[PDB]
Structures are given as structure tokens and as C-alpha cells.
Amino acid sequence: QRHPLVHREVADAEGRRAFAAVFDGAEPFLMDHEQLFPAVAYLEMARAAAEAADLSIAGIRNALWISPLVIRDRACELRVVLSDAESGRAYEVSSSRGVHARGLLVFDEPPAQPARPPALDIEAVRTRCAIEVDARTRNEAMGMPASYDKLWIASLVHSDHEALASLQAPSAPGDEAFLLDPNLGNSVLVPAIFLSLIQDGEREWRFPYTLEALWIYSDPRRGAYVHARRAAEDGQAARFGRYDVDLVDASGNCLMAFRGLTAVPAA
């Protein structure tokens with residue numbers, strides 16, 4: 001099955017399966033993101049690799065992002081290794097430049113996915129988010145790697161601890177091979193990161209560091225709103241805040257739920 005992020009299966013041992021892809025930097029997902037492999041793309045790669053291995057994935061738990069991968073001058077191979085774990089499979093994404101991401105792929109069996117949240121009362125959320133912003137200007141000023149025009153964000157409102165973004169799809173569909181296209185994934189994350197910044201009074205962009213979970217309920221391409229919101233608790237010994245963010249359709253149904261995301265600055 002063709003996928004932009006998983007090109008071939010590679011040999012491994014002991015109840016491990018490994019997959020690889022080579023990127024040259026001319027891929028739209030990279031070109032659209034300052035040549036930096038998006039955090040969200042690792043999640044898609046891991047899921048796609050598991051799908052290639054005939055596994056059925058309900059979600060991802062305990063995701064971590066380590067070293068950034070920048071691909072511009074020369075092509076590079078990225079490898080993802082899957083190993084047996086209680087949840088399903090552990091994954092590690094690496095290259096000759098180190099480890100970039102890791103986490104846990106949660107299988108559909110035995111059931112481990114939390115019940116889909118109830119439909120979001122979008123109007124209620126709109127009434128409690130008083131501040132309207134020019135998302136393009138604000139986020140670009142903060143150093144977001146993503147090209148705003150390639151994102152789905154059309155509007156953004158917020159309170160001191162909650163945000164709601166409306167979405168409009170790009171006219172040209174994505175590569176339909178993607179379950180979560182990076183542009184759409186970044187659209188979901190941007191409102192949460194924006195919230196992290198304005199809660200801390202900061203202006204430097206933050207990148208995903210840890211994520212407690214990602215649950216996939218239905219096709220994210222039906223997205224209409226992104227609802228982000230400081231989590232009930234932050235990470236353990238944590239300087240940086242933790243956020244929950246959901247992608248919902250026009251009826252408020254949850255398409256994807258990101259639980260416990262912590263984003264942090266970079267050098």
C-alpha cells in the first residue's frame with residue numbers, strides 16, 4: 001500500500017518489524033514546514049507502518065519527540081521500528097542522526113480506546129472565548145514553521161485558557177494516502193500551542209515534546225473546528241503546560257482527540 005511516509009519494509013529480528021522511507025526535501029509536507037519534519041508526521045508514519053504490518057490501530061500513547069530532523073541539502077532515510085508491547089507495539093523513529101520520536105501504538109484488541117467524547121457544544125464554546133485574533137499574523141510572528149496558507153485555520157478565538165479555531169479545507173485535496181495529513185495535523189496543534197504561549201506570556205514557538213494520547217475516531221478530513229484547553233493537570237515535574245485538543249466536525253463529533261500535549265521551546 002503506497003504511503004508518502006512509508007516506502008519499504010526492512011529486515012529485522014526477534015518479533016520486530018521495521019520500515020523505511022527516504023526524503024529529499026522536495027516533498028510538500030517538508031516544503032510547507034521550513035524543511036523540518038513535523039512532529040505530527042511521525043505519528044502518521046508510525047500508524048502507517050503499523051497498518052502496513054497488518055495491525056489495527058486505535059491510537060497512540062506516550063509519544064515523545066527527541067531530535068529534530070531537518071532535510072534540505074541532501075536526502076535522508078528515516079526508519080521506524082515496531083516491537084511488541086502490552087498496548088500493542090512500541091515504536092521508535094530514527095535515522096543516522098539519532099532518535100527522533102517514540103511512543104506506543106495501541107491496538108484495537110483488546111479494547112483500550114476511551115469512549116468517544118460526547119458531541120461538542122460549539123456555540124457554547126464560542127460564547128466563552130472572548131478574544132478574536134488574526135491567526136496568521138500572530139502565529140507567524142511567533143515563528144511557526146508551518147505555512148499558514150497550507151493550514152486549515154480560518155479563524156481563531158480564545159479565552160485565557162481555551163481556544164476555538166474554525167477550519168476550511170484547502171481546495172486541493174491532500175494526498176489521500178494520509179490518514180492524518182501533516183497540514184491538517186498541524187492545524188489541530190497550532191491552537192494548543194498558541195494557547196501555551198499566551199498563557200505563559202511568551203512569543204517563541206513551541207514544539208511538541210510529549211503527548212499522553214492520540215485517539216482516532218473517524219476521518220479527520222471532515223474537520224470543522226479545533227478545541228484546545230489547558231489540561232486538568234500538567235506533566236510531572238513540569239515547567240511547560242499541558243493541553244488537551246480535539247478535532248471535531250461541524251456537528252461537534254470528535255474525529256481526533258489529543259490528550260495531554262506539552263509543547264516546549266527550542267534553540
# chains A, B, ... in the order shown; residues from 1 in each chain; ligands from 1
>>> residues_around(residues="residue A:168", least_positions_apart="5", cutoff="10 Å", atoms="only C-alpha atoms", output="compact mmCIF listing (two decimals) with C-alpha atoms, in the first residue's frame")
# COMPACT_ATOMS: atom_id res chain seq x y z
CA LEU A 151 -3.07 25.08 7.12
CA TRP A 152 -6.82 24.76 7.51
CA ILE A 153 -7.23 27.51 10.06
CA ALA A 154 -9.73 30.18 9.06
CA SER A 155 -10.44 31.89 12.34
CA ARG A 222 -14.40 16.15 7.98
CA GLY A 223 -12.88 18.63 10.35
CA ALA A 224 -14.57 21.89 11.05
CA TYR A 225 -13.31 23.10 14.44
>>> residues_around(residues="residue A:86", least_positions_apart="2", cutoff="12 Å", atoms="only C-alpha atoms", output="NGL selection string")
:A and (61 or 83-84 or 88-90 or 104-107 or 109-112)
>>> closest_residue(among="A:235, A:38, A:117, A:68", to="residue A:187", atoms="only C-alpha atoms")
A:38
>>> select_by_dssp(residues="stretch 77-175 of chain A", states="strand (DSSP E)", output="JSON, numbers by chain")
{"A": [77, 78, 79, 80, 81, 82, 83, 84, 88, 89, 90, 91, 92, 93, 94, 95, 98, 99, 100, 101, 102, 103, 104, 105, 106, 107, 131, 132, 133, 153, 154, 155, 156, 157, 158, 162, 163, 164, 165, 166, 167]}
>>> atom_distance(atom1="atom CA of residue A:2", atom2="atom CA of residue A:17")
17.5 Å
>>> residues_around(residues="residue A:26", least_positions_apart="5", cutoff="9 Å", atoms="only C-alpha atoms", output="list in words")
residues 31, 35 and 72 of chain A
>>> closest_atom_pairs(of="stretch 117-228 of chain A", to="stretch 239-261 of chain A", cutoff="9 Å", atoms="only C-alpha atoms", output="tab-separated table")
residue	atom	partner	partner_atom	distance
A:117	CA	A:254	CA	6.5
A:118	CA	A:253	CA	7.1
A:119	CA	A:253	CA	4.6
A:120	CA	A:252	CA	4.3
A:121	CA	A:252	CA	6.5
A:122	CA	A:252	CA	6.5
A:188	CA	A:247	CA	6.4
A:189	CA	A:245	CA	7.4
A:191	CA	A:245	CA	8.2
A:192	CA	A:243	CA	6.4
A:193	CA	A:243	CA	8.5
A:195	CA	A:243	CA	8.5
A:196	CA	A:241	CA	6.4
A:199	CA	A:241	CA	8.6
A:200	CA	A:240	CA	8.4
A:208	CA	A:261	CA	7.0
A:209	CA	A:261	CA	7.7
A:210	CA	A:261	CA	5.9
A:211	CA	A:261	CA	4.4
A:212	CA	A:260	CA	4.8
A:213	CA	A:259	CA	5.0
A:214	CA	A:258	CA	4.6
A:215	CA	A:257	CA	5.1
A:216	CA	A:256	CA	4.7
A:217	CA	A:255	CA	5.0
A:218	CA	A:255	CA	4.9
A:219	CA	A:255	CA	6.3
A:220	CA	A:255	CA	5.4
A:221	CA	A:249	CA	8.7
A:222	CA	A:249	CA	5.5
A:223	CA	A:249	CA	4.5
A:224	CA	A:249	CA	4.7
A:225	CA	A:248	CA	5.4
A:226	CA	A:247	CA	4.7
A:227	CA	A:246	CA	5.2
A:228	CA	A:245	CA	4.1
>>> write_last_selection(atoms="C-alpha atoms", output="mmCIF file, in the first residue's frame")
data_model
loop_
_atom_site.group_PDB
_atom_site.id
_atom_site.type_symbol
_atom_site.label_atom_id
_atom_site.label_comp_id
_atom_site.auth_asym_id
_atom_site.auth_seq_id
_atom_site.Cartn_x
_atom_site.Cartn_y
_atom_site.Cartn_z
ATOM 1 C CA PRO A 117 -16.402 12.057 23.800
ATOM 2 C CA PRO A 118 -19.827 13.488 23.545
ATOM 3 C CA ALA A 119 -20.501 15.946 20.761
ATOM 4 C CA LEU A 120 -19.066 19.380 21.401
ATOM 5 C CA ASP A 121 -21.440 22.265 22.021
ATOM 6 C CA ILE A 122 -19.691 24.574 19.658
ATOM 7 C CA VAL A 188 -5.051 20.898 15.132
ATOM 8 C CA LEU A 189 -1.894 21.550 17.117
ATOM 9 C CA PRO A 191 -4.334 26.410 18.532
ATOM 10 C CA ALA A 192 -2.978 24.452 21.521
ATOM 11 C CA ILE A 193 0.495 25.808 21.026
ATOM 12 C CA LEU A 195 -2.686 28.813 23.996
ATOM 13 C CA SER A 196 0.541 27.595 25.620
ATOM 14 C CA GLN A 199 -0.739 31.542 28.982
ATOM 15 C CA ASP A 200 2.943 31.907 29.635
ATOM 16 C CA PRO A 208 5.523 19.036 20.677
ATOM 17 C CA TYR A 209 7.623 17.281 23.382
ATOM 18 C CA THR A 210 5.270 14.790 24.996
ATOM 19 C CA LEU A 211 1.725 13.573 24.309
ATOM 20 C CA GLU A 212 -0.244 11.357 26.583
ATOM 21 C CA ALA A 213 -2.527 10.092 23.876
ATOM 22 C CA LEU A 214 -3.966 10.460 20.415
ATOM 23 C CA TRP A 215 -7.252 8.680 19.728
ATOM 24 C CA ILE A 216 -8.555 8.413 16.179
ATOM 25 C CA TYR A 217 -12.335 8.014 15.875
ATOM 26 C CA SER A 218 -13.155 8.861 12.302
ATOM 27 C CA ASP A 219 -11.785 10.585 9.193
ATOM 28 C CA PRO A 220 -10.213 13.886 10.174
ATOM 29 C CA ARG A 221 -10.926 15.368 6.783
ATOM 30 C CA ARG A 222 -14.395 16.153 7.982
ATOM 31 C CA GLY A 223 -12.881 18.634 10.347
ATOM 32 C CA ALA A 224 -14.573 21.890 11.054
ATOM 33 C CA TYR A 225 -13.306 23.098 14.445
ATOM 34 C CA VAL A 226 -10.319 22.659 16.745
ATOM 35 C CA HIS A 227 -10.976 22.983 20.503
ATOM 36 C CA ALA A 228 -7.979 23.385 22.756
#
>>> residues_around(residues="residue A:77", least_positions_apart="4", cutoff="7 Å", atoms="only C-alpha atoms", output="VMD selection string")
chain A and resid 20 to 23 95
>>> atom_distance(atom1="atom CA of residue A:39", atom2="atom CA of residue A:159")
26.0 Å
>>> closest_residue(among="A:79, A:116, A:229, A:47", to="residue A:129", atoms="only C-alpha atoms")
A:229
>>> select_by_dssp(residues="stretch 49-80 of chain A", states="helix (DSSP H, G or I)", output="PyMOL selection string")
chain A and resi 49-52
>>> closest_residue(among="A:163, A:93, A:71, A:99", to="residue A:127", atoms="only C-alpha atoms")
A:163
